Every structure is written in structure tokens, then in C-alpha cells.
Participant: 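Please read through the structure below; I'll follow up with questions.
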Amino acid sequence: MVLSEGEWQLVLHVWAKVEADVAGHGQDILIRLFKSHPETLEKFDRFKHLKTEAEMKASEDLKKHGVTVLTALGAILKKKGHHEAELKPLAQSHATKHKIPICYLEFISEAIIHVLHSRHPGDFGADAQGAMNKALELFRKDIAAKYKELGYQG
Ligand code: HEM
Ligand SMILES: *[C@@H]1CC(=O)N(C)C1=O
């Protein structure tokens with residue numbers, strides 16, 4: 001699958017808004033993930049003690065991680081599909097160390113879409129949401145292929 005340049009521009013135009021405050025967006029996204037699919041929190045030995053949204057919001061460490069996650073994803077999106085170099089270490093760690101199934105990457109993709117839809121109606125209309133879905137699908141497709149190369153079913 002291949003996104004058009006027009007599609008990449010819709011992706012990067014909403015990402016430009018995320019970048020006004022990546023820390024805020026990362027908190028929203030991880031909290032949405034953990035609330036919508038509580039099982040995902042159990043993968044984080046670092047964070048699985050957090051009991052409530054209030055505790056999550058107050059966690060400086062969770063905020064730090066959200067910035068790390070969105071910055072890595074931002075770097076991937078800015079490659080506009082040319083993300084082989086970026087996907088190698090991410091696939092290896094997430095397959096082998098963290099053991100994150102592809103379904104959980106689907107869950108975080110859903111969280112990203114939900115947060116952008118909520119925060120950014122001006123840059124996340126139907127066409128833009130479709131482009132972001134396509135970008136995130138491409139990301140998961142390529143990650144899943146790497147998972148298989150690495151010996152993880154996903
Ligand atoms: C958009 C998809 C994701 C991106 C871009 C991303 C990015 C990252 C990055 C950059 C790191 C630090 C370096 C590394 O270990 O590779 C990391 C760590 C980690 N990721 Fe992800 N991640 C994603 C999805 C997920 C999901 C869905 C889960 C769990 C359901 C997860 C679980 C973890 C865990 C447990 C760590 C180690 C946290 C720690 O103890 O420091 N990741 N991730
Ligand atoms: C998706 C949901 C889950 O718990 N696993 C392990 C999946 O593959």
C-alpha cells in the first residue's frame with residue numbers, strides 16, 4: 001500500500017498541531033489507550049501500578065514516555081513511508097523485549113485517531129482522518145512484516 005503526497009500532507013498538517021504541545025497530546029493518547037483497553041497497561045511494568053486517570057495525568061514519567069512515543073511516531077510519519085531505518089529498532093524492541101501484539105498497535109492507533117478527532121476538528125476532518133488511518137495502517141503492516149522476520153507472531 002502507498003499513500004499519495006496529498007494524503008501525507010493531511011497527515012503532516014495535523015501532526016504540526018500535535019507538535020504545538022506533544023507532551024499534552026501524548027498524555028491524552030496513552031490515557032485513552034489505558035482506559036479503552038486496560039490490558040495494554042499491563043505491558044508497562046513502569047506504569048501498571050497507576051490506578052486512575054488522575055494518577056496517570058500526574059505522572060511526570062508517563063508524560064516523558066508519551067513524548068518519546070509521539071516523537072518516534074512523528075519521525076516515522078515524516079519519512080512518508082520511507083521508514084525502514086526507523087522501524088528496525090522499534091520492531092525489535094516491541095517484538096522481543098516488550099512483547100506487544102499487533103492488536104495493541106491497532107489499539108494505540110485507535111487512541112491516536114480519537115484524540116486527534118477530539119482536539120483537531122480543523123485539521124482532522126474526514127479526509128484527514130482517512131489519510132492518518134492509511135498512514136497508521138502502513139505503519140502496522142510494515143511493523144507486522146518485521147515482527148515475522150524477527151520470529152514474533154504478533
Ligand atoms: C505508535 C506505536 C508505538 C510507538 C511509536 C512506540 C514507541 C516507543 C519507544 C520510542 C519506546 C522507547 C524505546 C524502545 O523501547 O523501543 C517504547 C517503549 C515501550 N513501549 Fe512502545 N510504542 C508504540 C506502541 C506501544 C504499545 C501499544 C505498547 C503496549 C501496549 C508499547 C509498549 C512499550 C513498553 C512496555 C516500552 C518500554 C517502556 C519502559 O519501560 O520504559 N508500545 N515505545
Ligand atoms: C490481541 C489481543 C491480545 O491480548 N493479544 C495477545 C492479541 O493478539
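Nothing fancy with the numbering, it's 1 onward along the sequence. Atoms within a ligand are numbered from 1 in the order they appear, just like the ligands themselves.
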Participant: By side-chain contact (heavy atoms from CB on, under 4.5 Å), which residues pair with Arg119, not counting sequence neighbours?
Facilitator: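 Result, side-chain contact (heavy atoms from CB on, under 4.5 Å) vs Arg119: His25, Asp28, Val115.
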Participant: Return a table of donor-acceptor pairs under 3.5 angstrom between the side chains of residues 75-83 and protein atoms on other chains or two or more places apart.
Facilitator:
{"unit_1": "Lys78", "atom_1": "NZ", "unit_2": "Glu19", "atom_2": "OE2", "d": "2.7"}
{"unit_1": "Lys79", "atom_1": "NZ", "unit_2": "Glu86", "atom_2": "OE1", "d": "3.4"}
{"unit_1": "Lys79", "atom_1": "NZ", "unit_2": "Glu86", "atom_2": "OE2", "d": "2.9"}
{"unit_1": "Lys80", "atom_1": "NZ", "unit_2": "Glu5", "atom_2": "OE1", "d": "2.8"}
{"unit_1": "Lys80", "atom_1": "NZ", "unit_2": "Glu5", "atom_2": "OE2", "d": "3.4"}
{"unit_1": "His82", "atom_1": "ND1", "unit_2": "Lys79", "atom_2": "O", "d": "3.4"}
{"unit_1": "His83", "atom_1": "NE2", "unit_2": "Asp142", "atom_2": "OD2", "d": "2.8"}

Participant: Looking just at side-chain N and O atoms, do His49 and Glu55 make a donor-acceptor pair shorter than 3.5 Å?
Facilitator: no
Participant: Is the number of heavy atoms from other residues, nucleotides or ligands under 6.0 Å of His117 NE2 greater than 12?
Facilitator: no
Participant: Any N or O on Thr68 sitting closer than 3.5 Å to an N or O of ligand 1?
Facilitator: no
Participant: Can you name the atoms of ligand 2, numbered from 1 with element, that are less than 4.0 Å from a heavy atom of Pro101?
Facilitator: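 Going through ligand 2 atom by atom, the ones under 4.0 Å from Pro101 are 5 (N), 6 (C), 7 (C), 8 (O).
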Participant: Considering only heavy atoms of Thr40, which atoms of ligand 1 have at least one such atom less than 4.0 Å away?
Facilitator: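 Listed by number with element, the hits are 30 (C).
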Participant: Which of the numbered atoms in ligand 1 are under 4.0 angstrom from any heavy atom belonging to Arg46?
Facilitator: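 Those of ligand 1 that fall under 4.0 Å from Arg46 are 39 (C), 40 (O), 41 (O).
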Participant: Which of the numbered atoms in ligand 1 are under 4.0 angstrom from any heavy atom belonging to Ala72?
Facilitator: 10 (C)
Participant: Show me which atoms of ligand 2 lie under 4.0 Å from any heavy atom of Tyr104.
Facilitator: 2 (C), 3 (C), 4 (O)
Participant: Would you mind listing which atoms of ligand 1 come within a distance below 4.0 Å of any non-hydrogen atom of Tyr104?
Facilitator: 27 (C), 30 (C)
Participant: Go through it in stages, so that I can follow the logic: the residues are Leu73 and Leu136, the test is side chain to side chain contact (heavy atoms under 4.5 Å, CB included), and I'd like the CA-CA distance, side-chain angles, deciding distance and then a yes or no.
Facilitator: CA-CA 9 Å; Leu73 181 61; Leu136 294 174; 4.2 Å; yes
Participant: Heavy atom under 4.0 Å from ligand 1: found in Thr71's side chain, backbone, both, or neither?
Facilitator: neither
Participant: Once you round to the nearest 0.5 Å, how far does NZ of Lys141 lie from NZ of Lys134?
Facilitator: 13.0 Å
Participant: Check whether any N, O or S atom of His94 sits under 2.8 Å from atom 21 (Fe) of ligand 1.
Facilitator: yes
Participant: Looking at non-hydrogen atoms alone, which of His98, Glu42, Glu39, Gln92 comes nearest to atom 36 (C) of ligand 1?
Facilitator: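 Nearest option to atom 36 (C) of ligand 1, by heavy atoms: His98.
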Participant: Just how far is it from atom CD of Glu7 to atom CG of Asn133, taken to the nearest 0.5 Å?
Facilitator: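 It is 10.5 Å, given to the nearest 0.5 Å.
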